[PDB]
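Sequence lines set the chain letters: A, B, ... in the order given, protein chains first and strands last, and positions in each chain run from 1.
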Amino acid sequence: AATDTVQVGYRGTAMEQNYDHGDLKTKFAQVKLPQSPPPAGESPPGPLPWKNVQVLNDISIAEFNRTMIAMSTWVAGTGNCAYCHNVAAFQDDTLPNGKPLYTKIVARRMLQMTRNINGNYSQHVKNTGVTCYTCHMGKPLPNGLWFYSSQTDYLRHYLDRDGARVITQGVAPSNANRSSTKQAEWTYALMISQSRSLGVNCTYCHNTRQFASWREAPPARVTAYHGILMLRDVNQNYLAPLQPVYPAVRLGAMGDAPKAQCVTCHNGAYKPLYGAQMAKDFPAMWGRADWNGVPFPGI
Amino acid sequence: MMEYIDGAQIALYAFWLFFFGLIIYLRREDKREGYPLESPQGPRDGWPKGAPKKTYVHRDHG
Amino acid sequence: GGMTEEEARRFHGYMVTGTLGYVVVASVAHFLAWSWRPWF
Amino acid sequence: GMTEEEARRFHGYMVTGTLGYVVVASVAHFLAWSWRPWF
Amino acid sequence: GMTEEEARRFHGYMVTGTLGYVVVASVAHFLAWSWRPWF
Amino acid sequence: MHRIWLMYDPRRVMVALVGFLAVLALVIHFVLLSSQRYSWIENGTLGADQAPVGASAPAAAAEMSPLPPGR
Amino acid sequence: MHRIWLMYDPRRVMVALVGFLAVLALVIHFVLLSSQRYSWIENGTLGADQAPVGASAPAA
Amino acid sequence: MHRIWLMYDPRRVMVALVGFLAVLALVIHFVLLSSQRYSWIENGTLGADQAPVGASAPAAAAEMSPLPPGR
Amino acid sequence: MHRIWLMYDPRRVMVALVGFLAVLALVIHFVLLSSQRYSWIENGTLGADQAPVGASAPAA
Amino acid sequence: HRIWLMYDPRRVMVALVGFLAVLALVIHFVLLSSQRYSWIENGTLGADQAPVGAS
Amino acid sequence: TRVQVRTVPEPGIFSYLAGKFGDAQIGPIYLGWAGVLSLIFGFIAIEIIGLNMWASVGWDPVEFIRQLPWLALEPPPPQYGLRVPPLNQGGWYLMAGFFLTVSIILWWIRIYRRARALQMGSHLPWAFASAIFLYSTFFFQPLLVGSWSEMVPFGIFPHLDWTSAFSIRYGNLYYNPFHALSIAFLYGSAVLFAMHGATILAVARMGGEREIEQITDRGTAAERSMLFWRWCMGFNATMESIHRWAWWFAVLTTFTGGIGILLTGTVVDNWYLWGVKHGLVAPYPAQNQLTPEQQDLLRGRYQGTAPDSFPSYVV
Amino acid sequence: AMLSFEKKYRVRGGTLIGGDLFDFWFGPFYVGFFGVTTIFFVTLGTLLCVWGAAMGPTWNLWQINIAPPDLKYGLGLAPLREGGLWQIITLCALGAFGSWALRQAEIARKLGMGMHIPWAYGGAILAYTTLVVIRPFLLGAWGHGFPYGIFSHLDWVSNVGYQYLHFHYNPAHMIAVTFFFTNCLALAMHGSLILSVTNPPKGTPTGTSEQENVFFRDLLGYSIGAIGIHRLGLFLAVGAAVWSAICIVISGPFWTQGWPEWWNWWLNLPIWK
Ligand SMILES: CCCCCCCCCCCCCC(=O)OC[C@H](COP(=O)(O)OCC(O)COP(=O)(O)OC[C@@H](COC(=O)CCCCCCCCCCCCC)OC(=O)CCCCCCCCCCCCC)OC(=O)CCCCCCCCCCCCC
Ligand code: BCL
Ligand code: BCL
Ligand SMILES: CC[C@H]1c2cc3[nH]c4c(c3C)C(=O)[C@H](C(=O)OC)c4c3nc(cc4[nH]c(cc(n2)[C@@H]1C)c(C(C)=O)c4C)[C@@H](C)[C@@H]3CCC(=O)OC/C=C(\C)CCC[C@H](C)CCC[C@H](C)CCCC(C)C
Ligand SMILES: CC[C@H]1c2cc3[nH]c4c(c3C)C(=O)[C@H](C(=O)OC)c4c3nc(cc4[nH]c(cc(n2)[C@@H]1C)c(C(C)=O)c4C)[C@@H](C)[C@@H]3CCC(=O)OC/C=C(\C)CCC[C@H](C)CCC[C@H](C)CCCC(C)C
Ligand SMILES: *[C@H]1O[C@H](CO)[C@@H](O[C@@H]2O[C@@H](C)[C@H](O)[C@@H](O)[C@H]2O)[C@H](O)[C@@H]1O[C@H]1O[C@H](C(=O)O)[C@@H](O[C@H]2O[C@H](CO)[C@@H](O)[C@H](O)[C@H]2NC(C)=O)[C@H](OC(C)=O)[C@H]1OC(C)=O
Ligand SMILES: *[C@H]1O[C@H](CO)[C@@H](O[C@@H]2O[C@@H](C)[C@H](O)[C@@H](O)[C@H]2O)[C@H](O)[C@@H]1O[C@H]1O[C@H](C(=O)O)[C@@H](O[C@H]2O[C@H](CO)[C@@H](O)[C@H](O)[C@H]2NC(C)=O)[C@H](OC(C)=O)[C@H]1OC(C)=O
Ligand SMILES: COC(C)(C)C/C=C/C(C)=C/C=C/C(C=O)=C/C=C/C(C)=C/C=C/C=C(C)/C=C/C=C(\C)CC/C=C(C)/C=C/C=C(\C)C(=O)O
Ligand SMILES: COC(C)(C)C/C=C/C(C)=C/C=C/C(C=O)=C/C=C/C(C)=C/C=C/C=C(C)/C=C/C=C(\C)CC/C=C(C)/C=C/C=C(\C)C(=O)O
Ligand SMILES: COC(C)(C)C/C=C/C(C)=C/C=C/C(C)=C/C=C/C(C)=C/C=C\C=C(C)\C=C\C=C(C)\C=C\C=C(C)\C=C\CC(C)(C)OC
Ligand SMILES: CCCCCCCCCCCCO[C@@H]1O[C@H](CO)[C@@H](O[C@H]2O[C@H](CO)[C@@H](O)[C@H](O)[C@H]2O)[C@H](O)[C@H]1O
Ligand SMILES: [Fe+3]
């Protein structure tokens with residue numbers, strides 16, 4: 001019933017984050033206790049035996065096996081190789097019936113997506129990085145899935161739209177900015193969603209005396225902006241084109257593929273998994289030559 | 001053209017001149033009773049000088 | 001004023017009869033509701 | 001204000017209505033227990 | 001006002017009613033402790 | 001028992017009673033109407049076996065690892 | 001014990017009694033209706049073994 | 001000790017007493033109902049060994065924190 | 001039963017009754033109009049075998 | 001003691017009882033909010049299992 | 001208290017007089033022709049708003065009550081500017097706004113005529129005219145910026161959504177000096193009525209609430225009221241002139257408010273930057289610093305149109 | 001100097017503490033013991049404000065900003081340059097505001113008035129004490145108080161509001177605003193009615209209680225009476241400050257989510273859940 005407070009700005013500005021202490025302990029325990037333990041590494045020699053491996057070309061055979069154990073733990077349950085594979089023939093991309101193993105097709109794309117996130121969007125995920133667990137939480141469906149609805153849905157800021165600014169960078173009115181008050185309402189709706197997705201308030205990213213200011217805002221605002229650019233890449237190039245792959249039970253009413261948003265990783269916390277650092281333990285997923293100076297164990 | 005001057009600043013000083021004019025008016029009205037003041041050095045009006053005492057006429061029933 | 005006791009008996013006789021008649025039609029309403037879609 | 005004669009007659013009804021209510025509520029609880037016990 | 005005649009009889013009812021209530025509550029705690037003890 | 005009507009105005013108790021019964025009847029209908037099992041205006045034509053039922057305890061480990069929906 | 005009805009007016013008390021019981025009964029029904037275990041309008045036809053139960057201690 | 005009623009009006013004491021006991025009873029029931037261990041409506045059927053117990057301590061990974069970094 | 005009109009002024013009763021009935025009827029019509037099955041202004045011509053029905057049990 | 005001649009016992013009794021009730025509730029809620037003495041959730045723990053603050 | 005008198009024949013020479021104070025009829029609550037028309041026009045405005053709100057939940061009467069404070073009758077889309085919009089896209093809004101505005105003006109006339117009929121000064125209709133002035137700036141400022149989309153939506157929480165978004169769009173309304181002045185008069189109105197109400201109740205034992213007698217024939221209740229404030233804070237009003245202080249503080253709330261709205265988006269588009277220009281903004285240490293590459297990277301776009309298609313990404 | 005009727009009233013008595021020792025006037029001002037303590041706290045607090053301005057970046061009146069300490073100091077007294085100066089000024093403010101209310105009580109007692117004015121002013125002191133004492137104490141740091149600066153405290157109000165995403169949805173804030181707006185209407189209405197009977201159009205008799213009663217009844221549909229309108233004004237103005245105190249003390253100590261999602265209870269009433 002006590003309130004925890006974190007100061008995030010200068011004295012007396014009231015740039016502060018408030019947390020109900022009992023609720024936060026509960027949410028935190030419900031992450032730590034289910035947090036999956038990682039198997040330890042190895043370093044064997046030799047050339048690769050694989051028949052139909054297309055992304056994980058660059059890691060040892062032991063690292064590959066350890067990765068597959070992690071993926072099943074993170075998406076399907078600790079032993080559930082049958083979720084993706086014809087267990088009689090791991091190289092298959094089809095069932096014995098000939099029908100495609102769509103989960104394996106998706107998982108191959110999810111590997112490329114995760115390497116793209118960790119490699120190209122280090123300005124967002126830094127050295128925490130993401131793994132399959134960050135979205136999936138041990139389950140096939142992440143949180144925060146969204147589909148086409150109406151034209152003015154603000155979640156399309158994370159897909160095809162660009163531009164949320166409404167404030168004028170000058171004293172006098174000009175033709176440079178003709179933003180409506182309705183557009184300020186739309187940005188305000190978008191920004192409530194981001195605040196809720198992280199379990200923070202507006203002062204985490206702004207000094208609300210001037211929402212346009214970057215100098216007065218905490219550095220987290222710059223990280224947040226890279227999160228928008230990352231989601232546009234993730235949605236447009238990886239999640240949305242999987243439309244022909246899924247069964248129709250996964251698709252929206254418009255027949256579109258499920259798309260991600262801030263809450264999909266963050267799940268209401270200021271960092272995903274309260275900043276648990278798992279990606280450093282799984283070189284298969286880095287998309288980098290080194291993780292925090294630790295070099296990639298190539299082949 | 002004038003950079004520092006702008007219409008919001010012009011409007012605000014127009015309001016200030018009106019507002020101080022209004023405070024003077026109200027303080028004149030506040031002195032229709034109890035003035036001039038008594039003092040050991042003689043009568044005193046303060047500032048602004050009060051408006052005069054005001055006589056009221058009542059509706060004739062005769 | 002108030003109620004005289006012979007009026008109170010007359011009123012009570014109606015009031016109790018009305019109450020029970022209401023409960024009777026509510027009983028049939030539950031009989032019909034139960035046979036259409038029982039809740040236990 | 002009331003007489004003791006009336007208070008006697010009132011208390012008889014009052015206690016009897018309390019008993020009737022407690023009886024019905026006891027049947028209601030045993031039905032509920034039989035359907036879905038809470039311990 | 002209150003008399004000594006009222007007061008001594010009233011104290012009998014209060015004390016007996018208080019102790020009766022505390023006895024019923026004692027059984028309720030006996031039951032609760034048997035179901036899910038708190039120490 | 002009739003002497004209760006000496007204790008209370010028989011004219012006014014009737015207004016209090018009908019007001020109570022009307023409010024209770026409306027409350028129960030609107031509680032039912034908002035439910036899923038008894039949203040009778042949409043689903044009243046369903047037979048009792050095919051009417052909705054609320055979620056149930058898994059009666060098992062609640063742990064058996066999933067399998068994907070067939071493509 | 002009927003002497004208690006020389007202290008307190010039956011007119012006042014019987015109104016207060018009916019009011020208290022009606023409020024208490026209504027509070028309990030809505031508390032139960034909001035629970036998972038006893039959301040009887042949706043789930044009243046489930047058997048006792050099928051009805052929800054809150055989470056146990058894992059102890060591990 | 002009965003002279004306490006010469007000081008305090010018995011008719012009024014009963015109303016104060018019942019009011020205190022009613023509030024206290026409701027406060028204790030709602031405190032217990034809000035707890036994990038005694039949320040008896042949902043979990044009353046659990047055995048005493050299966051009912052929740054508070055932790056001997058909470059735990060964490062060294063890089064995790066429940067609160068964002070501040071100053 | 002006509003002595004009941006000695007106990008209640010029909011000037012008062014009928015105004016209350018007409019007010020109640022009008023409000024109740026309007027509520028019922030609008031509850032129907034906003035449903036899927038009885039949105040008769042848009043769908044009144046459909047014919048009973050192809051009017052909407054709310055979803056049968058998820059366990060289907 | 002003659003102190004009851006200074007202060008009305010009929011007032012002090014009520015003031016004392018009210019003070020004790022406030023103090024008693026404060027201490028119970030302080031303890032209930034602590035880690036070590038949150039007895040409703042953790043009362044069945046043994047004294048060597050119960051929480052202790054950092055050394 | 002609890003010795004009320006009750007007067008069976010008519011007070012004014014419980015019950016009320018039917019009669020005349022010259023031109024003024026006494027008895028019924030006065031409407032006249034302007035009052036009747038005001039109620040007709042205003043009723044149609046209320047009906048249009050409510051029927052649009054109720055239609056927006058698909059006529060569902062349960063959702064109409066459940067969702068009521070979120071329901072809106074919403075102004076036209078921005079790209080129409082001042083042109084007539086489609087009926088479902090703000091045409092009903094402008095129609096309700098028109099009838100509401102006429103109804104308000106007819107109510108002002110009704111009040112103005114009644115004051116003159118009762119042979120009273122015109123102070124109340126000019127006070128009401130200050131409130132109407134602020135109201136009208138929610139028409140004139142959208143007009144001056146050139147789009148009815150900028151108008152206030154009819155709705156409990158929706159008009160508060162607009163109030164926040166207006167301050168956001170124009171760069172924090174706290175730095176608008178006429179908003180700041182309007183708040184000073186709003187708070188001052190609470191200060192004055194607290195002080196005055198408490199003053200008159202403090203001398204009510206001495207007949208101080210008979211304020212008109214105390215104005216025309218100063219009693220000891222007036223003298224004690226003046227001396228309390230003179231002894232407390234060094235200056236005082238009179239029993240009359242305290243009502244002038246009251247009148248002006250209330251009137252200046254909405255008058256300075258209206259000027260602040262009319263200036264916004266027409267003369268100043270970012271009030272915080274106007275505050276910086278004019279020296280209002282207190283300095284704080286920098287919370288972040290951008291590199292020159294970030295100054296180009298972190299500029300966004302101004303918000304545009306919503307996507308009118310559902311792209312496939314067939315790849 | 002004295003009002004032409006004043007000298008008659010300047011008697012001894014009605015003091016609370018000082019007896020006859022401070023029971024005197026200085027110009028128009030009554031002194032008394034709480035006059036002495038008032039001027040002490042006013043002078044100390046003002047000079048420490050001027051010192052806070054002097055060690056700050058500018059003398060510009062609008063930009064001066066004496067800020068509270070960082071939250072890390074909890075309920076301790078911080079270093080003076082780090083916000084301990086704000087804490088001393090806050091104690092001086094409480095001393096001044098309390099002394100002012102007690103001085104008003106001595107003045108009312110000397111004039112034979114009721115205590116309505118001191119108690120009405122207590123509503124403002126309650127709101128101030130909630131902002132700088134009670135809410136910071138419940139949150140566990142004096143650093144939650146608002147900064148002393150003409151615009152910098154508006155930056156604080158802005159950021160506190162957005163700590164709850166959409167502060168307009170705070171239910172106690174909605175009530176407090178309604179009291180403030182209704183008060184201002186009521187003040188315009190009462191002020192206009194008194195002035196318009198006492199200043200009728202030129203060549204017209206002075207109006208009467210009956211005329212303002214007639215007109216007021218046409219405005220609201222009921223007659224409030226002369227004492228009733230002053231009770232109403234006091235109720236509205238003081239109720240506004242009390243509901244203001246409630247609306248801020250529930251924000252943080254008791255509610256910590258966005259204010260919009262507080263309304264989830266209304267959407268889930270069982271008649272329509
Ligand atoms: C003027 C020409 C230009 C004009 C254009 C610009 C200004 C327009 C306004 C002009 C107003 C009149 C000024 C004036 O000279 O007044 C003399 C009179 C004193 O009473 P009196 O009846 O007239 O005279 C009797 C006296 O002469 C003889 O009796 P005695 O010998 O016993 O008196 C001792 C004297 C000594 O005289 C003085 O000390 C004069 C002090 C004037 C101080 C003004 C400060 C203003 C700047 C503050 C900046 C801040 C410093 C911290 O009298 C006294 O003891 C003084 C009693 C008055 C105490 C006033 C206390 C402060 C009032 C509020 C201050 C503003 C708050 C925002 O004092 C007063 O009446 C002052 C209070 C009246 C105005 C209150 C207005 C409040 C508006 C609040 C809303 C603001 C919204 C934004
Ligand atoms: C003033 C008249 C009396 C009365 C006098 C009788 C008599 C006499 C008989 C019954 C009988 C019956 N009554 Mg009875 N009954 C009254 C009030 C009620 C109320 C009520 C809500 O108050 C109810 C639910 C009943 C219900 C019943 C049935 C259980 C039973 C079988 C007949 C039937 O179906 O009647 C259906 C009717 C209703 C549910 C409501 C209307 C009741 C009417 C006013 C009763 C009189 C008509 C009578 C039944 C006609 C046939 C019998 C004649 C002697 C020829 N009565 C009133 C207070 N009732 C019969 C019985 O026990 O048979 C074994 C029987 O012989
Ligand atoms: C995030 C939100 C923004 C903000 C945005 C705005 C905006 C936008 C406006 C204000 C305005 C005002 N704000 Mg601001 N405001 C904020 C912060 C504050 C704070 C604070 C402690 O933080 C306070 C005290 C205030 C206070 C005030 C008032 C001084 C002022 C309104 C005066 C008035 O009486 O209006 C109430 C009176 C009226 C609206 C007049 C109504 C008269 C008409 C005639 C009534 C007709 C009734 C009709 C017939 C009834 C039927 C209607 C139908 C049901 C539809 N603001 C922040 C910075 N504020 C206004 C202003 O003047 O700005 C300069 C304004 O427009
Ligand atoms: C000085 C600034 C303050 C101010 C002042 C003020 N307001 C005022 C006045 C004054 C001095 C008035 O004299 C005037 C008034 O009448 O007061 C009672 C008014 C007024 N201030 C109002 C509101 C108001 N004031 C506000 C604010 C303010 N008022 C400021 C704070 C606010 C806010 C804060 O938002 C509001 C909402 C109104 C109560 C009133 C003006 C009433 C008016 O114009 O009504 C027009 C008519 C309608 C809305 C239509 C009603 C329709 C009926 C409900 C239908 C019923 C059916 C009908 C009978 C059918 C027709 C049949 C015919 C045959 C009759
Ligand atoms: C409770 C309902 C409303 C109310 C009522 C009210 N106010 C009152 C009274 C009443 C009934 C008085 O009797 C009393 C009075 O005497 O009025 C003339 C007063 C009063 N209301 C005042 C102001 C005031 N009231 C406000 C609000 C309100 N007053 C409420 C809305 C506000 C707001 C909202 O901002 C202000 C500014 C004063 C004019 C006066 C009290 C005078 C007093 O206490 O004097 C002694 C103290 C000083 C002269 C100066 C003290 C200086 C400090 C030691 C240092 C500065 C510290 C301060 C915290 C700095 C703040 C800086 C700001 C930029 C943030
Ligand atoms: C699913 O289908 C794919 C091919 O579509 C099979 O993949 C094999 O291994 C890959 C490395 C290789 O690239 C690919 O060419 C293929 O050799 C995968 O093993 C699964 O196979 C089963 O389904 C096959 C299918 O395509 O439907 C089926 O193939 C046979 O039958 C289809 C008609 O139903 C006919 O078009 C094929 O020509 C025919 N091919 C063969 C080699 O028989 C497989 O049947 C057999 C015996 O292989 C299925 O395999 C099994 C064990 O059931
Ligand atoms: C569907 O179409 C609309 C309307 O163009 C697109 O909305 C545009 O982009 C939004 C982000 C923005 O908010 C909105 O103002 C509007 O500018 C929407 O995103 C969808 O886009 C796809 O379809 C576009 C289309 O118009 O058909 C298509 O646009 C290209 O092709 C059309 C001809 O079919 C031509 O008129 C356009 O100029 C052309 N634009 C570009 C930038 O090439 C999009 O194609 C591309 C590459 O953008 C479609 O986008 C995708 C990923 O399918
Ligand atoms: C979610 O879990 C939570 C809920 C939180 C857990 C907590 C639970 C808690 C704290 C529960 C508390 C329970 C409680 C505490 O008091 C319960 C107490 C209940 C009581 C007292 C019930 C009493 C009922 C009595 C009745 C119905 C009497 C009827 C009388 C009748 C019919 C007589 C009519 C006739 C008359 C009068 C004629 C008179 C004659 C006359 C006039 C003549 O003859 O003249
Ligand atoms: C969340 O957990 C937290 C809260 C944190 C934990 C902490 C909790 C704390 C601190 C709890 C403290 C509890 C407490 C402390 O003392 C509790 C004290 C309780 C007490 C004193 C109970 C007393 C009950 C007495 C009763 C029921 C008496 C009934 C009397 C009857 C029936 C007689 C009626 C007869 C009459 C009227 C006839 C009169 C004669 C007549 C008419 C005649 O003679 O004519
Ligand atoms: C069957 O009857 C029912 C049940 C429907 C009746 C019930 C109705 C209900 C429940 C109604 C509820 C109404 C509510 C809750 C309303 C809330 C309103 C609020 C809070 C409004 C707040 C602010 C609104 C403002 C400031 C609007 C201002 C609009 C203006 C100034 C518009 C002016 C337009 C003009 C002057 C002219 C337009 C026409 C032109 C000249 C442009 O020509 C096209
Ligand atoms: C739409 C309804 C459909 C379901 C059926 C409802 C059945 C209702 C049963 C009504 C039976 C009426 O039967 C009986 O009527 C008589 C008068 O006729 C009432 O009689 C009442 O008034 C008479 C005087 O006239 C008194 O002497 C008597 O003590 C009193 O009870 C009874 O109280 C009622 O029991
Ligand atoms: Fe007055």
Side-chain angles (χ1 to χ4, degrees), chain A residues 8-13 15 148 150-153 156 159-174 176-189 207-219 221-222 225 236-237 240-244 254-257, chain K residues 74-75 77-79 142 145-147 149-152 158 161-162 164-172 174-175 265-277 281-282 284-290 294-295 297-315:
Chain A
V8 304
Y10 181 61
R11 288 165 58 209
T13 65
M15 292 170 59
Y148 298 143
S150 69
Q151 293 177 347
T152 70
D153 182 348
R156 291 184 73 177
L159 181 77
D160 48 335
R161 296 180 67 130
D162 185 37
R165 308 296 165 87
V166 297
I167 296 177
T168 303
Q169 195 175 83
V171 177
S174 169
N177 184 20
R178 296 290 287 156
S179 299
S180 176
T181 309
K182 298 196 186 217
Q183 290 179 305
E185 289 173 278
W186 185 91
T187 296
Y188 194 4
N207 190 331
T208 69
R209 85 180 185 166
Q210 183 69 172
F211 285 102
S213 179
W214 296 88
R215 177 170 67 150
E216 297 188 7
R221 199 185 174 205
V222 178
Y225 191 70
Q236 292 190 295
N237 295 309
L242 288 169
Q243 182 175 287
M254 302 301 287
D256 59 305
Chain K
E74 168 74 27
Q79 76 282 2
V145 304
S147 186
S149 61
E150 303 315 288
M151 293 176 93
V152 183
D161 301 348
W162 177 92
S164 291
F166 184 96
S167 181
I168 290 167
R169 169 58 189 89
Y170 296 111
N172 190 16
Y174 285 122
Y175 288 98
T266 61
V267 178
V268 178
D269 223 53
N270 185 328
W271 282 110
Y272 164 92
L273 294 179
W274 186 94
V276 173
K277 178 181 180 186
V281 173
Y284 304 136
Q287 299 307 298
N288 190 17
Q289 179 175 337
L290 304 186
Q294 285 180 101
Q295 294 182 298
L297 179 61
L298 296 178
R299 65 152 153 205
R301 262 183 204 288
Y302 282 113
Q303 200 194 119
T305 46
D308 65 340
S309 69
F310 297 104
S312 193
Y313 301 95
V314 290
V315 173

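Neither the backbone nor the side chain of K:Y174 comes within contact range of chain A; no heavy atoms are under 4.5 Å apart. Proximity to chain K is absent for every atom of A:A189, based on heavy atoms less than 4.5 angstrom apart. Residue contact with chain K, scored on non-hydrogen atoms closer than 4.5 Å, involves the backbone of A:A164 exclusively. Both the backbone and the side chain of A:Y10 come within contact range of chain K, judged by heavy atoms closer than 4.5 Å. With a threshold of 4.5 angstrom between heavy atoms, A:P241 approaches chain K through its backbone and through its side chain. Contact of A:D153 with chain K is not made at all, since no heavy-atom distance falls under 4.5 Å.
Separating the NZ atom in K:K277 from the OH atom in K:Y272 is a distance of 15.5 Å, to the nearest 0.5 Å.
Contacts of A:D162 classified as salt bridge (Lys or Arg N to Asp or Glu O under 4.0 Å), with partners at least two apart in sequence or in another chain: A:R232, K:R301. Legend: residues meeting salt bridge (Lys or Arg N to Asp or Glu O under 4.0 Å) with K:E74, ordered by chain and number and at least two apart, are A:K182.
Note that A:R161 lies in the cation-pi zone of A:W186, set by a 6.0 Å cut-off to the ring centre and a 45° limit from the axis.
Ranked by heavy-atom pairs shorter than 4.5 Å toward chain A, the options K:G265, K:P285, K:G171 are led by K:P285. When each of A:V8, A:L159, A:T152 is scored by its heavy-atom pairs under 4.5 Å with chain K, the top score falls to A:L159. Between chain A and the residues K:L298, K:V276, K:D161, K:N172, the largest count of heavy-atom pairs under 4.5 Å involves K:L298.
In this structure, A:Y148 and K:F310 have tilted ring planes: the angle between them lies in the 30° to 60° band.
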